[PDB]
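A.B. asks: Sharing a structure with you now.
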Amino acid sequence: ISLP
Amino acid sequence: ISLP
Amino acid sequence: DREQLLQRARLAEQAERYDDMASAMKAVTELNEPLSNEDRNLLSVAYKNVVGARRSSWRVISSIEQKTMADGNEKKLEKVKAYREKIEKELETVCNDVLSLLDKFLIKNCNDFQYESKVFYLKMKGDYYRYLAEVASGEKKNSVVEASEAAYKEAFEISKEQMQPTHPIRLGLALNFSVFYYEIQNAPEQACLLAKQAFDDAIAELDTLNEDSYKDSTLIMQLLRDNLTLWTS
Amino acid sequence: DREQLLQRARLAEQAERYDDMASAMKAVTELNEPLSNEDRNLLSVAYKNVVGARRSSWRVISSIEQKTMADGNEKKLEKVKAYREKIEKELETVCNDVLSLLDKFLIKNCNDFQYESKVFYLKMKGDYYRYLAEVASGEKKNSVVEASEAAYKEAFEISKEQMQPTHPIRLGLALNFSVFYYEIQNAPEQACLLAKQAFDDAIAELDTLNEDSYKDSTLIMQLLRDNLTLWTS
């Protein structure tokens, strides 16, 4: 999960 | 709601 | 090549690239050869997603235009109107492409006896004229409303004549046609009675249910039911 | 005109017309004037959604192409390879558009003193080089992997010099910088360490949370934690  |  | 195009549409669908998908199925249609059931559903799915993005976009930007009127911000309303209108011409262009496919190949090249395809294409003509009506104004609105209802009427006449009450294409026609009455013609009673007659008529004849489509029949029966309980209550 | 192009981006965002949003913000950027915080995020959102669509499509067709290789269907694998490549070229074009905005205007025009901007933009350079790296091969992969690391590394040093550890931008850079190590470099320990240090430096300094960014800071601390729990397990 990378930054939304 | 119409047909999907 | 037809199989090339159909493989592309399938890949596009999975990729959720619905313009690629609509573009491949338009090319299939323009081969002037009949579509199978599965080919038809690929055409329908592609254009449903394409037009649907524009319909959604349009409802968002109409809401804002209403909230801008109430605000009194006249400068903002000018640009919000212009963008709504930009989205509108896109939406209209997609509907007009579909309708032209129907008119120039699909319904044209249908013989009398291809009743399953005929109903499917006329409902589809009913559907896209209904999407034009959603955003039409004035004399244009009354023309596309009239065309939607005439298409739906013919489709439904043929379907009662040639299809069992449980055939999903008949049930889905009944479904969309009731929604025409409900939200386009604002005939709540006419809408309700049409959905109610199709539901009743399907359960009277449950014995007609089919190994390859029973799930879809019962699916759409529930959707008739849902609108009924929503509308009546 | 800048008001016009920016208004359009706001409306395009609401309508989820992200290509329209990206085109409007590319134009705003091409005026060669600085971007406010609001503007910057508009650009970032537009392009995150444009490239994200392509990335999602790319992953789905890559999975099909792997299954078609093992199935041994050479004729279809020809067609899936080609489509995956059509999507790649699309993806690469969006990334190089973004990377040219950054290199030609946004990073270029940063003062030696506009630290918040620089970090934001160098993070962005790392992100899009990383998205290129997700699909790249051979020597082209090496180059974009090094490019990604070099931009993340500069961004992170400035952020440690000039930003509090609870700053959302510094935290999200730490987040994406750790992800880059984990999934681009296959360096899970190096990824975990940098993530852990970030979470740890933030917690040491909760006294630096601000009214207008505490929620975003805490959100991103939890994402760092989420990744470390997945990765350590």
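Each chain in the structure tokens gets a letter, A, B, ..., in the order shown, and its residues are numbered from 1; ligands are numbered from 1 in order too.
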Within 7 Å of range 167-180 of chain C, counting only C-alpha atoms, which residues show up once you throw out same-chain ones fewer than 5 positions away? Write them as a list in words, please.
C.D. replies: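 What passes the distance filter is residues 2 and 3 of chain B; 120, 123, 130, 152, 159, 185, 191, 192, 194, 195, 198, 216, 217, 220 and 224 of chain C.
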A.B. asks: Dump as CSV the rows for residues of chain C within 6 Å of chain D: closest atom pair and distance in Å with one decimal, only C-alpha atoms counted, ordered by chain and rising residue number.
C.D. replies:
residue,atom,partner,partner_atom,distance
C:15,CA,D:57,CA,4.5
C:57,CA,D:15,CA,4.5
C:60,CA,D:15,CA,6.0
A.B. asks: Taking only range 8-175 of chain D into account, list the residues labelled alpha helix (DSSP H) by DSSP (computed from the backbone), as a VMD selection string.
C.D. replies: chain D and resid 8 to 14 18 to 29 37 to 71 74 to 101 115 to 135 138 to 162 168 to 175
A.B. asks: What does the structure give for the distance between CA of residue 129 in chain D and CA of residue 141 in chain D, in Å to one decimal?
C.D. replies: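 Computing the Euclidean distance for CA of residue 129 in chain D and CA of residue 141 in chain D yields 9.6 Å.
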A.B. asks: Mind pulling up the distance from CA of residue 157 in chain C to CA of residue 203 in chain C?
C.D. replies: 19.6 Å
A.B. asks: Identify, on the basis of only C-alpha atoms, every residue whose closest approach to residue 92 in chain C does not exceed 9 Å; exclude the query and any residue fewer than 4 positions from it along the same chain; express the result as an MDAnalysis selection string.
C.D. replies: chainID C and resid 51 87:88 96:97 131:132 135
A.B. asks: Looking at C:166, C:49, C:210, C:73, which one is nearest to chain B, with distances taken over only C-alpha atoms?
C.D. replies: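 Ranked by minimum distance to chain B, first place goes to C:49.
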A.B. asks: Residues within 9 Å of range 28-30 of chain C, please, as a ChimeraX atom specification. Count only C-alpha atoms; anything in the same chain fewer than 2 positions from it doesn't count.
C.D. replies: /C:1-3,5-6,23-26,32-35,39,43,101,104-106
A.B. asks: In Å, how far is it from CA of residue 103 in chain D to CA of residue 223 in chain D?
C.D. replies: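 Separation between CA of residue 103 in chain D and CA of residue 223 in chain D: 29.2 Å.
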A.B. asks: Find the spatial neighbours of residue 181 in chain D, counting only C-alpha atoms, within a cut-off of 9 Å - ignore same-chain residues fewer than 6 positions away - and output them as a ChimeraX atom specification.
C.D. replies: /D:149,187-192
A.B. asks: Using only C-alpha atoms, which of C:67, C:48, C:125, C:118 sits nearest chain B?
C.D. replies: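 With only C-alpha atoms as the atom set, the closest residue is C:48.
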